[PDB]
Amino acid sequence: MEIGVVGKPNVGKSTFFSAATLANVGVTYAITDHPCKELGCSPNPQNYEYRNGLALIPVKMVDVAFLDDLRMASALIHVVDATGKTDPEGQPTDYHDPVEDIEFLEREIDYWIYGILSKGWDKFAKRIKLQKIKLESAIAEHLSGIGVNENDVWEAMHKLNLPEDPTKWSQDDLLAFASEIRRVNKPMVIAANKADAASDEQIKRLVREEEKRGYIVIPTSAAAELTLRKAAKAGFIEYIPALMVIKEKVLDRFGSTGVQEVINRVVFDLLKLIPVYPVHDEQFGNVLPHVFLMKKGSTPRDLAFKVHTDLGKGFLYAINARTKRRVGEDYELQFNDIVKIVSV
């Protein structure tokens, strides 16, 4: 899993990456309540990090800007100019609705996917109508390079009443199918950056307009968190809650720099990942050693495979290290679950 950061120049896109990442790849973090707010205490973390009762789980991040750095992205954070004082090409102007740069990015990803399907698409439909290939699998392989599942393909098709016989697919079907793939394969969160220099009216307007279109929009001040981040000597940040007291003030207005919020919304909401911790006793003797981002709907056996092939293969059953009782095989991992895996 990895998050790509995209945007036009001069809206703080690079700053957002720099800020959240402190060659073009880095590691940011997913902060939520670490299980150790109940009975749990002094954890010995290995794949993550403990911090004031909060779990900081690492996540790959890419400075996308050559725009095939997004190809494998599970999600994108699209940084835009909330003040709307930037041109499409990214240069000073009186007013340019960010909502239009959002759509710009949108169509480029849509047609990119569409061209891969469309180009050739005749000498694909017939290599499969007689060879009888599985349409889902064939498209899936063909777009395997972007991160598409045979399940994603199955659903998209199912959702748009498309036929198993590709030769019956029209161009309209292709573009529509492409868009549906983007929505699921390249979901994004919009960072309305430079919010501090914008009015509540400007921000609220873009949030409203775009949240109706299926986009999550959060105000943000990248330059700010980079500062208090790039405070690793002169003072204590986390980050959420000397003349930089202005950021304390002019960013007392949002409750934070917004950067951290965007990353949590991508991980926990967009992708719907939930933290889960596998134990040996509800191996080498450390407590709550690892944490895994599981997709909601996962089961303990799925948690077994994240650890190792055999654990998953020799799976017998699991125990909820909280309830202390044996779970079902169809049990759905819930946010922040502690689990014991039993394998032959």
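Note that residue numbering follows the sequence shown and begins at 1.
> Can you say how many deposited residues have no coordinates in the span between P241 and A242, choosing none, 1 to 3, 4 to 9, or 10 or more?
According to the record, 10 or more deposited residues lack coordinates from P241 to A242.
> So 44-52 or 273-281, which one's hotter by mean CA B-factor in the entry?
Per the deposited B-factors, the answer is 44-52.
> Per the entry, where is the mean C-alpha temperature factor higher: 264-272 or 92-100?
Higher of the two, by average CA B-factor, is 92-100.
> Between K129, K194, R205, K186, which carries the biggest CA temperature factor in the record?
Largest recorded C-alpha B-factor: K129.
> Among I57, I319, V287, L316, single out the one with the highest C-alpha B factor in the record, please.
That would be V287.
> Looking at the entry's B-factor column for C-alpha atoms only, identify whether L175 ranks in the lowest, middle or highest third of its chain.
Its C-alpha B-factor belongs to the lowest third of this chain's values.
> Per the entry's values, where does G258 land by CA temperature factor relative to the rest of its chain, in the lowest, middle or highest third?
Lowest third.
> What third of its chain's C-alpha B-factors does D200 belong to: lowest, middle or highest?
Bottom third by C-alpha B-factor.
> Lowest, middle or highest third: which one holds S137 when the chain's residues are ordered by CA B-factor from the entry?
Its C-alpha B-factor, which the entry lists for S137, ranks in the middle third among residues of this chain.
> Among all modelled residues of this chain, ranked by Cα B factor, put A19 in the bottom, middle or top third, i.e. lowest, middle or highest.
Its C-alpha B-factor, which the entry lists for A19, ranks in the middle third among residues of this chain.
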